[PDB]
Structures are given as C-alpha cells and as structure tokens.
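The block underneath contains the structure these notes are about, expressed in structure tokens.
Here the Cβ is made from the backbone with ideal geometry for all residues, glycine too, and neighbour counts use every protein chain on show. FYI, it's all coordinate maths here, none of it is from the lab.
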Amino acid sequence: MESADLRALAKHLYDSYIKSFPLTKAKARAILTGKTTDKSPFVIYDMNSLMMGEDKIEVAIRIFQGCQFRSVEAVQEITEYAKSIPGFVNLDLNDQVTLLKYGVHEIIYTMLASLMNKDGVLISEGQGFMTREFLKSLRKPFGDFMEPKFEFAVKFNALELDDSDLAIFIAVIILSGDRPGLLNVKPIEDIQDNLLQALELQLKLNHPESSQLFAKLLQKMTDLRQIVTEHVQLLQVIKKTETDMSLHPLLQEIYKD
Amino acid sequence: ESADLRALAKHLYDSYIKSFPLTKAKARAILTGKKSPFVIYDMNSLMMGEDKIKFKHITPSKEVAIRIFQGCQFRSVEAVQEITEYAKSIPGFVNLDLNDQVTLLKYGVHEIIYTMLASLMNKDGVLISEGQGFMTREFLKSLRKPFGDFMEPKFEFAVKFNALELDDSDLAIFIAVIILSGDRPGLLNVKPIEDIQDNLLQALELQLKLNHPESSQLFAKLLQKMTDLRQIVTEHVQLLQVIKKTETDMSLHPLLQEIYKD
Ligand SMILES: COc1cccc(COc2cc(C(=O)O)ccc2-c2nn(C(=O)c3c(Cl)cccc3C(F)(F)F)c3ccc(Cl)cc23)c1OC
Ligand SMILES: COc1cccc(COc2cc(C(=O)O)ccc2-c2nn(C(=O)c3c(Cl)cccc3C(F)(F)F)c3ccc(Cl)cc23)c1OC
C-alpha cells in the first residue's frame with residue numbers, strides 16, 4: 001500500500017519475468033521491426049518455405065503439434081514465474097493447482113500477442129516467423145483454430161504494454177479469487193489487491209499520457225476469458241475428428257473440466 | 001476536474017432514480033425486513049399471488065414453469081425500455097451515430113438486466129412487481145426440465161455480485177460504463193464511445209474511493225465482474241436456444257413473439 005513497496009514489487013516481478021520467459025516482448029519487437037542484420041528471422045509463408053525452414057532454423061498436424069509442444073513449455077515457464085509471486089507458494093496446495101489450471105491459458109494468449117503482429121508470429125525463440133495468411137490457410141478446422149489468436153493479439157497489442165507492465169498483469173491473472181473450486185479465496189484476493197495496486201501505479205508512471213489504461217487493461221481480461229472458452233470448444237471438435245492426434249497429459253489435465 | 005466527475009456522478013444518480021421503478025436501497029429495505037410483500041414459494045401461492053397482485057403478463061400455455069418464464073420475459077422487455085431511457089441521459093450518448101446507439105443498447109441490455117436484477121435478489125429469492133411480491137429461489141430452482149436450471153445461475157451471479165455491496169449511486173455509473181463499450185460488434189465510430197467511457201470510468205473510480213474508502217481496489221474488482229457478466233450472458237443465450245428448439249408448447253400469438261424477438 002506504500003508507493004515504495006509497490007515499486008519494489010513491480011521491480012521484483014519484472015526481474016522474475018525476465019528470468020522465467022525466454023523471449024521478451026522487447027526482443028520480439030526488435031526482431032519484428034527488423035532494422036537489424038543479426039536478429040533476422042527465416043519466414044515461412046507456404047509449404048516449400050516450411051520444408052526449407054526446418055533445414056535452416058500432414059502439414060496442419062505437424063504445425064499443430066508444434067504449437068502444442070511450445071504451449072507445454074509455456075505452462076512450465078508460467079508455473080516457474082508463479083512460484084516467484086509473493087504469497088503464491090504459501091497458499092493451499094490445491095488452490096495453487098487450481099489457480100494455474102485456470103490461469104495458464106489466459107496467460108499463453110496474453111504473451112503470445114507479444115510475439116505477434118498483424119502479419120504473423122515469431123517461432124523457435126525468434127529464429128523463425130510464420131505468416132498469418134499461411135496459418136489461416138491450413139485445412140479443415142486448423143486454419144480457423146490459428147486465426148482467433150491473431151485477432152486477439154492485434155487488439156491487445158494496441159495498448160502498447162511493455163514487459164514491465166505484462167509481468168504485473170500476468171500475476172493479477174494468476175491470483176484470481178473467482179476461479180472454480182478454490183478452497184480459500186480470501187488470501188488469494190489479498191495478494192491480488194497488492195498486485196492490482198502495483199499494476200495501477202506501474203501504468204500511471206510508465207504510461208502517464210494513457211488515461212484509464214488500468215481499466216482498459218482489466219477489460220481485456222474479458223476478451224481473454226471468452227477466447228479461452230472458444231479455444232477449448234474448438235479443440236474438442238478437433239479431437240472428435242482427428243482420432244490419430246494426441247495431446248500432452250499436462251494439457252489434457254488442464255482441459256479436464 | 002474532481003468536481004466534473006462528482007457532477008457527472010450526481011447527474012447519473014439523479015437520472016437512475018427517475019428511470020428505474022425500484023431502487024436498490026428500497027429493495028434492500030424490503031428484503032432485510034426493515035408492507036410485507038406477498039410470498040410465492042409454491043404452486044398454490046403462485047395461483048393466489050396473481051389473483052392478488054394481478055401480474056400484467058398473464059395471457060390466454062397453462063404449465064407453471066412456462067408462465068413464470070414468460071413473466072421474466074415480459075419484465076425484461078420493460079427493463080430494456082427503462083435502460084434505453086436512462087442511456088439517453090448519459091452525457092454524449094444521444095450525439096453518437098444513431099446506428100451506434102442502437103448497437104450499444106442491443107449488446108448492453110442483457111448485461112445490465114443481470115446486474116440490476118441482483119439489486120432485487122438475495123440468497124433466498126427475488127422481488128417482483130416493484131417489491132410487492134417475493135418469489136423464492138427454491139421454488140424457481142425446482143421448476144422442471146430446463147427451467148429450474150435456467151433460473152438458478154441468476155441467483156448464483158447475484159449472490160457473488162451483491163457481496164461488493166454497491167449502492168445505487170455506484171451502480172448508476174457502472175451501468176453507464178457497460179453501455180459505452182467500444183468493443184461491441186458493428187460499431188461505426190468507436191472513438192467517441194471510448195472517450196465517454198473514459199470519463200465514466202474516471203467518475204466511477206472517484207465515486208468508489210469516496211463512497212467506499214475502506215474497500216481497497218473495489219474499482220478493479222467491479223471491472224473484473226464484467227468478465228462474469230459476459231460469460232453468463234453467453235450461457236444465457238445458449239440456454240434460450242435450447243428452450244426454443246425443445247419446447248413445442250411455447251407457442252404464442254405472432255405479435256407477442258414479435259414483441260419478444262430480441
Ligand atoms: C511449428 O510450430 C509453431 C507454428 C506456429 C506457431 C507456433 C508458436 O505458437 C505458440 C507460441 C507460444 C510461445 O512462444 O510462448 C505460445 C503458444 C503458441 C500457440 N499455442 N497455440 C495453441 O493452439 C494452444 C494455446 Cl494458444 C494454448 C494452449 C494449448 C494450445 C495447443 F496448441 F495445444 F492447442 C497456438 C495456435 C496458433 C498460434 Cl499462431 C500459436 C499458438 C509454433 O510453435 C513453435
Ligand atoms: C413471474 O414473473 C417473474 C418471476 C420471477 C422473477 C421475475 C422478475 O425477473 C426479472 C426482473 C427484472 C427487474 O425487475 O429488473 C429484471 C430481470 C428479470 C429476469 N430476467 N430473467 C431472464 O431470464 C432474462 C435476463 Cl436475466 C436478461 C435478459 C432477458 C431475460 C429473459 F427473461 F427475457 F429471458 C430472469 C431469470 C430468472 C429470474 Cl429469478 C429473474 C429474471 C418475474 O417477473 C416479474
């Protein structure tokens with residue numbers, strides 16, 4: 001509740017975010033906006049360039065399983081980040097699991113936007129870039145499975161958050177007391193209150209010209225919840241068609257209920 | 001500009017009182033028990049309560065679950081017009097593109113009906129007919145088939161929402177914020193809608209700090225509820241669709257159906 005403690009918490013989370021996540025938004029922007037010989041990605045815009053990209057860095061399935069492995073890794077990274085949020089490891093262990101179970105999808109989407117612009121997405125730790133038009137043109141349900149991610153990202157990126165902002169935002173998401181099946185909501189909300197205070201001051205200091213950015217950022221948690229729902233519904237339709245295709249137990253478990 | 005935000009707060013409060021039949025303050029007095037309302041807890045008391053209150057929605061389907069459902073519909077159609085009138089008092093609203101006004105109201109009214117419905121609810125039931133009646137949660141939940149499960153989610157929301165302990169001066173501003181959502185589909189001119197919503201958000205922030213100084217980050221917590229609102233409105237629509245496809249005894253006069261179309 002004291003400015004200095006809120007700034008200290010902001011610094012702590014930012015520092016920890018850098019440690020836990022391989023590719024920051026600042027790095028991603030440097031690659032995407034280019035003007036750099038050294039950080040230049042190989043671009044995959046069609047089938048042949050895919051085949052060449054593998055030598056450098058069914059198609060829809062292989063891409064799908066690519067995103068799946070990355071998402072598993074992201075869960076791992078988010079889980080490590082979560083442990084650094086003051087108070088989190090002290091909560092009831094079941095609550096820790098529940099907070100992660102419901103939080104990871106929202107966070108993956110949020111952080112995926114950092115790697116995206118209107119025309120595509122960074123892959124393989126920035127070494128590649130796959131175009132939106134290619135992903136959208138994948139067959140059957142897969143094309144329409146890729147595209148909504150971009151639609152979110154374009155909207156979210158318009159807020160122009162930097163990493164220091166996202167570190168605190170991602171923490172707020174995890175510490176949601178409104179998750180189903182939580183045993184002890186009160187200690188969760190007490191932490192979230194501190195995170196929200198930290199986020200509000202961060203945004204006022206780091207974006208003084210951007211009125212009510214705090215409120216606008218929270219209104220995005222709405223867009224996140226909706227898109228996670230569509231995501232799950234779309235995956236289920238895929239499993240029922242693609243009985244050959246399989247999901248990591250970790251994701252299977254997250255999806256359960 | 002604090003003064004302008006307070007002015008905006010009072011302007012909306014004043015208009016909210018004029019537009020809505022039963023304030024939250026009055027509804028709380030009735031519910032906590034502080035002209036006892038007629039209580040509907042079962043079939044027989046329903047039959048008496050209409051012959052006593054004369055609900056204006058009772059129209060030549062005989063089945064009870066359906067007639068309660070249709071009663072909620074009738075009331076929701078009235079609420080739309082009340083919300084539409086209230087909207088017209090929000091500074092800047094009537095100056096928006098006319099199609100955008102229609103779009104905002106079309107996509108807002110559901111979220112606003114849910115929010116305000118909570119004002120009339122506690123854990124045990126809901127006020128009806130300007131607080132002259134009270135129908136129990138248990139009775140609503142115990143209606144057959146899809147109807148019981150259609151009613152209960154509204155209470156589940158209300159109980160959670162009411163825990164924030166907003167009063168009418170708070171809600172007046174919150175309701176305005178909902179209406180002025182720039183992310184509605186099909187909006188032609190988003191900028192002026194977000195400009196107004198920014199002023200309303202400022203007003204709500206200051207209102208909540210002043211009116212609830214002890215309740216830290218209540219602003220944030222209220223905005224988080226817009227999440228819960230969007231979700232439940234989605235479920236709501238999906239539940240209606242299942243009713244229309246299922247209930248072969250839900251036919252009405254085409255003019256009625258037309259009135260209830262949205
Ligand atoms: C060849 O591999 C890829 C091809 C295209 C895109 C990606 C990168 O995709 C992601 C990267 C990250 C990250 O770097 O942090 C995070 C998420 C994705 C990604 N996941 N994804 C899903 O469908 C998904 C999501 Cl969002 C959450 C949970 C589970 C999944 C699922 F894949 F299991 F089903 C995406 C869908 C579209 C896009 Cl463009 C990206 C993702 C590749 O990875 C190297
Ligand atoms: C017999 O009539 C009733 C029985 C029980 C409750 C009510 C009052 O219901 C409402 C009152 C108001 C109000 O006074 O402000 C507002 C909403 C309802 C109500 N609507 N409702 C819906 O299903 C609903 C909603 Cl939430 C939003 C949009 C549209 C609708 C729909 F009904 F058209 F479909 C309810 C569901 C359950 C309950 Cl307990 C109340 C409502 C009666 O009316 C007098």
Give me the percent of DSSP beta bridges within chain B that run antiparallel, rounded to the nearest 5. 60
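Just want to confirm a number: the relative contact order over the range B:110-157, from Cα pairs under 8 angstrom separated by 6+ residues, in percent. Present the calculation step by step, with values, prior to reporting the outcome.
Details: 41 pairs, mean separation 14.6, N = 48.
Here the relative contact order equals 30 percent.
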In the structure shown, do any of B:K221/B:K245; A:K39/A:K239; B:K52/B:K123; A:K239/B:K106 have a Cα-Cα gap over 32 Å, and if so which? B:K221/B:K245; A:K39/A:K239; A:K239/B:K106
Listed residue (B:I173, B:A87, A:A167) projecting farthest to the positive dipole end of the protein assembly as shown, Cβ model: B:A87
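Rank the residues B:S2, B:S119, A:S210 as a footprinting-exposure proxy: fewest other Cβ atoms within 10 Å of their Cβ go first. Show your work: numbers first, answer last.
Values: B:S2 9, B:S119 23, A:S210 14.
Starting with the residue having the fewest Cβ neighbours, the order is B:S2, A:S210, B:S119.
Relative to the compact-globule scaling 2.2 N^0.38 Å, provide the ratio for the alpha-carbon radius of gyration of the protein assembly as shown.
Working: Rg = 25.2 Å, N = 519, 2.2 N^0.38 = 23.7 Å.
Ratio of Rg to 2.2 N^0.38 Å for the protein assembly as shown: 1.07.
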Span per principal axis, largest first, for the Cα atoms of the range B:139-262 (Å): 52, 39, 21
So, with +1 on the Cβ of K and R and -1 on the Cβ of D and E, and no other charges, what is the size of the charge dipole of chain B about its Cα centre, to the nearest 20 debye? 720
With labels modelled as points extended 7 Å from the Cα through the Cβ direction, what inter-label distance (nm, one decimal) is found for B:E130 paired with B:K245? 4.1
Dimensions in Å of chain B - Rg and Dmax from alpha carbons: 18.9, 58
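If the chain between A:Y255 and A:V232 were fully stretched, how many nm would it gain, using 0.36 nm times the residue separation less the Cα-Cα distance?
Values: separation 23, 0.36 × 23 = 8.28 nm, distance 0.74 nm.
Full extension of this stretch gives 7.5 nm more.
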Can you pull out the GluC sites (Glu not before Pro) in the range B:133-180 that DSSP calls coil and that have at most 14 other Cβ atoms within 10 Å? B:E165
Round to a whole angstrom and tell me the spacing of the C-alpha centers of the range A:67-119 and the range A:201-244. 13
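Out of every Cα-Cα pair in the range A:71-115, what percent are more than 16 Å apart?
Tail fraction, whole percent: 35.
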Could you work out how far apart the two model spin labels at B:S61 and A:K83 are, taking each label as a point 7 Å from the Cα in the direction of the beta carbon, and quote it in nm? 5.6
Tally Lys and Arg at +1 and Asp and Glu at -1 over the other residues with C-beta under 12 Å from the C-beta of B:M151: what net charge comes out? +1
Which of the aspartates and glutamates could a cross-linker bridge to A:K27, judged by Cα under 18 Å and excluding same-chain residues fewer than eight apart? A:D15, A:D38, A:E77, A:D119, A:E125, A:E160, A:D162, A:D163, A:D165
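Count neighbours as other Cβ atoms within 10 Å of each site's Cβ, and list the trypsin sites (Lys or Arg not before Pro) in the range A:178-257 that are DSSP loop with at most 12 such neighbours.
Numbers: sites: A:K204, A:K216, A:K220, A:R225, A:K239, A:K240, A:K256; in loops: A:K256.
Taking the range A:178-257 and a limit of 12 other Cβ atoms within 10 Å, the loop trypsin sites (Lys or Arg not before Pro) found are A:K256.
How crowded by other chains is B:226-232, given as the mean number of beta carbons from other chains within 10 Å of each beta carbon? Mind dumping the intermediate values first?
Working: counts 4, 10, 3, 1, 5, 4, 0.
Taking all residues of B:226-232 together, the mean is 4.
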May I ask you to list the trypsin sites (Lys or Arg not before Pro) in the range A:139-183 that are in a DSSP loop and have at most 16 other Cβ atoms within 10 Å of their Cβ? A:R139
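Treat every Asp and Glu Cβ in the protein assembly as shown as -1 and every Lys and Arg Cβ as +1, leave all other atoms uncharged, and give the resulting dipole magnitude about the Cα centre to the nearest 20 debye.
Working: 61 positive and 71 negative charges, 179 e Å.
In debye, rounded to 20, the protein assembly as shown gives about 860.
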